[PDB]
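Chemist: pasting the sequence and an experimental structure:
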Amino acid sequence: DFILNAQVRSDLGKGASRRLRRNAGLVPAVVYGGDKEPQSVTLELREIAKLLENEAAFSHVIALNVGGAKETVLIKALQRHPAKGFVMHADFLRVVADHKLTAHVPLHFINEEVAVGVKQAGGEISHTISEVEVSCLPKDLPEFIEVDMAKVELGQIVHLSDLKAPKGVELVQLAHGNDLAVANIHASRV
Amino acid sequence: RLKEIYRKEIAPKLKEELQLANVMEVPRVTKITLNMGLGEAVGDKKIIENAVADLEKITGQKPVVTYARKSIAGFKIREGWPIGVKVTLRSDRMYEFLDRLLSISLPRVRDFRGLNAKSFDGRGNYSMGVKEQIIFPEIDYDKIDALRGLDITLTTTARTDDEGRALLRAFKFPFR
Amino acid sequence: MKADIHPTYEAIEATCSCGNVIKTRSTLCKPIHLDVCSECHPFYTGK
Amino acid sequence: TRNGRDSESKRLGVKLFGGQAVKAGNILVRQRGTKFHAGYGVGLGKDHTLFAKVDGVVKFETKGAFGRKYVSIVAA
Amino acid sequence: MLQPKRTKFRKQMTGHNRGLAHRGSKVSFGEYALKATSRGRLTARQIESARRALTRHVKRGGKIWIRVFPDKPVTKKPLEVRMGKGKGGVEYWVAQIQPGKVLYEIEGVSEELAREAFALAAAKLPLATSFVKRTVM
Amino acid sequence: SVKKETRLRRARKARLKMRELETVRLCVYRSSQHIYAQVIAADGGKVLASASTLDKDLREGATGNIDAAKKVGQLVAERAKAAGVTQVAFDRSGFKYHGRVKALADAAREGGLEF
RNA sequence: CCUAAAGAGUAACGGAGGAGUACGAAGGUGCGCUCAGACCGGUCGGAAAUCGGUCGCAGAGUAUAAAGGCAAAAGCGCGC
RNA sequence: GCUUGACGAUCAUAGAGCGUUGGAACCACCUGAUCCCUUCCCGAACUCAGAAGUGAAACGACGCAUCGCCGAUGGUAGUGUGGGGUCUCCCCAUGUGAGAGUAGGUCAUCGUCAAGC
Ligand SMILES: [Mg+2]
Ligand SMILES: [Mg+2]
Ligand SMILES: [Mg+2]
Ligand SMILES: [Mg+2]
Ligand SMILES: [Mg+2]
Ligand SMILES: [Mg+2]
Ligand SMILES: [Mg+2]
Ligand SMILES: [Mg+2]
Ligand SMILES: [Mg+2]
Ligand SMILES: [Mg+2]
Ligand SMILES: [Mg+2]
Ligand SMILES: [Mg+2]
Ligand SMILES: [Mg+2]
Ligand SMILES: [Mg+2]
Ligand SMILES: [Mg+2]
Ligand SMILES: [Mg+2]
Ligand SMILES: [Mg+2]
Ligand SMILES: [Mg+2]
Ligand SMILES: [Mg+2]
Ligand SMILES: [Mg+2]
Ligand SMILES: [Mg+2]
Ligand SMILES: [Mg+2]
Ligand SMILES: [Mg+2]
Ligand SMILES: [Zn+2]
């Protein structure tokens, strides 16, 4: 499931880190956060690359296992090769039972076939954004935020305030007094 | 004078009519500034000191000539050239000009049911225009030059125009 | 107030047609006879 | 072409660095304007030149509001 | 042909093209993209040529973004002209491309149709390319 | 306020010169009711001699006028002498050197210390 | 000013601009003061004149190109 | 030990905003313009003589992270020396190592003198 294995990294630097990717086939990583000193760990590339095609990979909670001591983490940021695209570095944020945390949550758009602006007016659908910054307690962190586009007419805009959210979830950008277009309907290009 | 009228009845009645908690925050009027923008005399320069005398007798106080802050050839003017004159009044001298303005001159202008009660900036100040200078006494109609539009501004210590207008309801301003 | 650069300022009088006498210091040095004032102007009365 | 012009270099910059011993009248920095301001023991020439007025050691401190960079002379 | 409406200076030095593209290498607006896997420079006539080939194939709906803008002038000295005597006049405009830069984006079409259209465009460009989907991060 | 902030900007130029020259400064402060005088050592660090109308021989009320400041000006000179100081510079601290501050200064000169 | 490779210097028929003056006050000193701009209110002028208020902090200014400076303003006004 | 006033050290982890509060003393607004003095007009500002009112404005203190400002660990880019390749560009050994971003922090900390408890 959401299981990752790690070993304690000891050699730090550019030359040491370039050697892991070339010979050992491992990936440097960091486990910071919580109330502890940060820990530098390493993990195998073919295992992190297999957890990353799960759709709810970043918005779920991982069970990291460093050596024989396991704990609760979350994919906080990720580094990829600009050209090839594989992952080079990754950092994990520790999860505390009573502490607010932030995450990136993808949006599950639904029932676009029977939208009023598409079935009747013959318009298109454009997803302006595909994830939203959220902030919530770990116990109620959603896998996806569901946006419903059934009763949408041609030219009608959908903003952050339009979509619903589960309990105890803030949209961060909305809290900053900045709601922005999520999706819209418009006439065909040609 | 109007000094006696403000600090014995006008101020105490406004104290409860705005429901103000403190005495010092009761609104008051500080200064009256008149000027007149002489868009003429761009090539004349003779009427500048003529309009000085006109505004000198109206107030009993010498005016000062205000200069152009920028050239802008659209009005055919240039920096350092005189555009207008101005006066500023305070304390007793503006409670005696007001009384003459209140009713010796405002009734005899030509017309009007009242004054526009909507000429208030967002901060509680009132400014009114005057079309003909002859509305005042102390200037004979038979001796003046061409008519010119004196101007009036009332600067008050009002937070907003609600108590600013309320203060001008006192002194029984002619508001239509 | 500076010295001797301003016109004379005296109390004088002001008498209106409606039997109104008002004291007001101004620069005429002579009593005046008026024709209108608030005690007699139409729009100051209700018309 | 209508471009082939330039001007002689003026040899500007710091002449004595932090810690160097100085004498009275020694030129410390040559400037256009004042990248550096005259601190304690230093004077300002009419072309914005910093020269020593006492004997000591260059300091090169930045302090005060405005984030100014000061050149001062201290005890040796 | 894309080119800036006005420029501060008419000419530029040749410069050098170095480094990978850490900025401009993410699928930001669209949902499928054509990334560059080799470095070079597009001449603003290939950018224009490769855009006919991409919108013509979809020919039904879809939104297309162009993430490359040619803003660097280049000069060519005329024929039968010696060396020196100034710098040549501006001929055309190019764009510096580094490995990993995303060139074209598209959405509102099937994944299979996106692959066809981006192969039409890539044949007009003088550098290696790739097909990239979109990720959360 | 606008009034105090503007004055404290007026006072700035004179005080900057007096630390470049590293001279002992006689600083005066004038309020609506009282007036104060301090002898600032060399750079604003320590206060050497000080006097005002608040000491226990001038607490009577006639404290905001010309002849009240004269008694302060002569008194601060005496306390300055006990500290072995002379040849000080006068800081009007942005106030116009015309009235109460001038009376304080002139009394200081008769006190013995020199400007 | 860039080329010029974070001390100085550094070439090309390399890329861009200026000078061959002005000022008896546009210098000295003492004292005093902050600009451009936006909005609102006001007699004709109206997007833009002079006036009042709020915001703003230098996006103004510097005799003259560009660079580097400018609150003790190096910017502005007055007396001697 | 505490409060108020003056002068400094340091220049945002110290600022901005948004709320609460202080008049016994201090400070401020305040009363008046005969005298000193002032306005390219005006006691608005400067100045003088004060003690009837209010802490309304201003100032000070106290709270909050909303903005601002600080900001790690790790990774990445560049780079001196020696050696390589498919040599417009990179790689290896070795030393060095940002900028941006992430977790987070901040509603300052001191010194001298004078008044009141
Ligand atoms: Mg290396
Ligand atoms: Mg040139
Ligand atoms: Mg050239
Ligand atoms: Mg040269
Ligand atoms: Mg040079
Ligand atoms: Mg000199
Ligand atoms: Mg070249
Ligand atoms: Mg870049
Ligand atoms: Mg000055
Ligand atoms: Mg330059
Ligand atoms: Mg150099
Ligand atoms: Mg070098
Ligand atoms: Mg050579
Ligand atoms: Mg020439
Ligand atoms: Mg000058
Ligand atoms: Mg001069
Ligand atoms: Mg205006
Ligand atoms: Mg200043
Ligand atoms: Mg006063
Ligand atoms: Mg930062
Ligand atoms: Mg590091
Ligand atoms: Mg590093
Ligand atoms: Mg950093
Ligand atoms: Zn009448």
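Modeler: That came through fine. Numbers count the residues shown, from 1 in each chain, chains lettered A, B, ... in the order given. Ligands and ions are numbered 1, 2, ... in the order given.

Chemist: helix, strand, or coil at residue E:2?
Modeler: Look at residue E:2: counting by DSSP: H, G, I helix; E, B strand; the rest coil, its state is coil.

Chemist: where's residue D:48 relative to residue B:46, distance?
Modeler: 51 Å (C-beta to C-beta, to the nearest Å). All C-beta atoms are positioned from the backbone trio N, CA, C, and that covers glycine.

Chemist: those two: who's more crowded?
Modeler: Neighbours per residue (other C-beta atoms under 10 Å in any protein chain shown) separate residue D:48 from residue B:46, with residue D:48 holding more: 16 against 10.

Chemist: hang on, isn't the more buried one packed against residue D:32?
Modeler: Yes. Taking contacts as C-beta atoms under 8 Å, residue D:48 lies within contact range of residue D:32: 7.0 Å.

Chemist: looking at this, residue B:32 is in a strand?
Modeler: Yes. Per three-state DSSP, residue B:32 lies within a strand segment.

Chemist: partners of it in the sheet?
Modeler: Listed by DSSP bridges, the beta-bridge partners for residue B:32 are residue B:89, residue B:154.

Chemist: residue B:97 in helix, strand or coil?
Modeler: Secondary structure assignment for residue B:97 (three-state DSSP): helix.

Chemist: again, but for the one 3 residues further on
Modeler: Put simply, residue B:100 is helix when judged by three-state DSSP.

Chemist: pull up the gap between it and residue B:55, please.
Modeler: 14 Å.

Chemist: most remote residue from chain B's center?
Modeler: Each residue of chain B has a distance to the centre, and by C-alpha atoms, centre = their mean the biggest one is for residue B:21: 30.6 Å.

Chemist: doesn't that one lie inside a strand?
Modeler: No. Using three-state DSSP, the secondary structure at residue B:21 is coil, not a strand.

Chemist: could you check how far it is from residue B:8?
Modeler: Going from residue B:21 to residue B:8 by C-beta to C-beta gives 21 Å.

Chemist: residue B:22 too?
Modeler: For residue B:22 relative to residue B:8 (C-beta to C-beta), the value is 19 Å.

Chemist: who's more crowded, the two?
Modeler: Taking neighbours as other C-beta under 10 Å, residue B:22 and residue B:8 compare with residue B:8 leading, 10 against 7.

Chemist: how about the more buried one, secondary structure?
Modeler: helix.

Chemist: can you report phi and psi for the residue of chain D found nearest RNA strand G?
Modeler: Proximity of chain D to RNA strand G (C-beta to the nearest atom of the strand) peaks at residue D:33, 2.6 Å away. Backbone torsions of residue D:33, given as degrees, to the nearest 10, read phi 70, psi -160.

Chemist: how about the residue nearest the centre of chain B, nearest residue that isn't a chain neighbour?
Modeler: Centre of chain B computed as the mean C-alpha position; nearest residue by C-alpha atoms, centre = their mean is residue B:152, 2.3 Å away. Using C-beta to C-beta, 6 or more residues apart in numbering or on different chains and skipping the chain neighbours, the partner closest in space to residue B:152 is residue B:128 (4.9 Å).

Chemist: find the closest residue to RNA strand H in chain C.
Modeler: Residue nearest to RNA strand H within chain C: residue C:2 (3.4 Å; C-beta to the nearest atom of the strand).

Chemist: which non-adjacent residue is nearest residue 44?
Modeler: Defaulting to chain A. Distances taken as C-beta to C-beta, 6+ apart place residue A:26 nearest to residue A:44, at 5.7 Å, with adjacent residues excluded.

Chemist: switch to chain E, that's the one I care about
Modeler: Closest to residue E:44 by C-beta to C-beta, 6+ apart is residue E:70, at 3.7 Å.

Chemist: so what's the residue count around the one you found?
Modeler: Count around residue E:70 with other C-beta under 10 Å applied: 23.

Chemist: my reading is that it lies in a strand. Confirm?
Modeler: No. With three-state DSSP as the criterion, residue E:70 is coil rather than part of a strand.

Chemist: for it, give me its contacts.
Modeler: By C-beta atoms under 8 Å, 6 or more residues apart in numbering or on different chains, the residues touching residue E:70 are E:2, E:3, E:42, E:43, E:44, E:47, E:93, E:94, E:95.

Chemist: any chance of those residues in TSV, plus secondary structure, distance to ligand 24 and neighbour count?
Modeler: Output for the contacts of residue E:70, formatted as TSV (DSSP: H, G, I helix; E, B strand; the rest coil; distance: C-beta to the ion, whole Å; neighbours: other C-beta atoms under 10 Å in any protein chain shown):
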residue	secondary structure	distance to ligand 24	neighbour count
E:2	coil	80	15
E:3	coil	79	13
E:42	strand	89	23
E:43	coil	90	19
E:44	coil	85	20
E:47	helix	86	23
E:93	strand	83	21
E:94	strand	88	18
E:95	strand	85	19
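
Chemist: how close does the residue nearest to residue E:44 sit to residue F:60?
Modeler: For residue E:70, the distance to residue F:60 (C-beta to C-beta) stands at 87 Å.

Chemist: ditto for residue B:31
Modeler: Residue B:31 sits 39 Å away from residue F:60, taking C-beta to C-beta as the criterion.

Chemist: assign residue F:109 to helix, strand or coil.
Modeler: Secondary structure, three-state DSSP: residue F:109 is helix.

Chemist: all the strands of chain E, residue numbers only.
Modeler: E:32-36, E:40-42, E:63-66, E:72-75, E:90-97, E:102-107, E:129-132 (DSSP state E).

Chemist: actually chain D, not the one I wrote
Modeler: Under the criterion DSSP E, chain D contains strands at D:13-14, D:21-22, D:27-30, D:36-38, D:42-44, D:49-52, D:56-58, D:61-63, D:68-71, D:73-74.

Chemist: centre-most residue in chain C?
Modeler: Nearest residue to the geometric centre of chain C (C-alpha atoms, centre = their mean): residue C:14, 4.2 Å.

Chemist: ok, chain E next?
Modeler: Centroid-nearest residue in chain E, with C-alpha atoms, centre = their mean: residue E:68, separated by 4.5 Å.

Chemist: can you count the residues close to the residue of chain A at minimum distance from RNA strand G?
Modeler: Residue nearest to RNA strand G within chain A: residue A:14 (18.6 Å; C-beta to the nearest atom of the strand). Using other C-beta under 10 Å, residue A:14 has 7 other residues around it.

Chemist: got it, and the one 10 residues further on?
Modeler: Applying other C-beta under 10 Å, we find 11 other residues in the vicinity of residue A:24.

Chemist: circling back to that earlier point, in this structure the residue nearest to the centre of chain E contacts residue E:94, no?
Modeler: No. Taking contacts as C-beta under 8 Å, residue E:68 lies outside contact range of residue E:94: 10.1 Å.

Chemist: sorry, back to before: more neighbours: residue B:31 and residue F:60, which one.
Modeler: Between residue B:31 and residue F:60, counted using other C-beta under 10 Å, the more crowded position is residue B:31 (14 against 8).

Chemist: thought that one was touching residue B:88?
Modeler: Yes. Residue B:31 is within contact range of residue B:88, at 5.7 Å (criterion: C-beta under 8 Å).

Chemist: not counting sequence-adjacent ones, nearest residue to residue C:23?
Modeler: Residue C:23 sits nearest to residue C:11 (C-beta to C-beta, 6+ apart), 6.4 Å away.

Chemist: same check, this time on residue F:44
Modeler: Spatial nearest neighbour of residue F:44, excluding adjacent residues (C-beta to C-beta, 6+ apart): residue F:19 at 7.4 Å.

Chemist: no further queries at this time; thank you.
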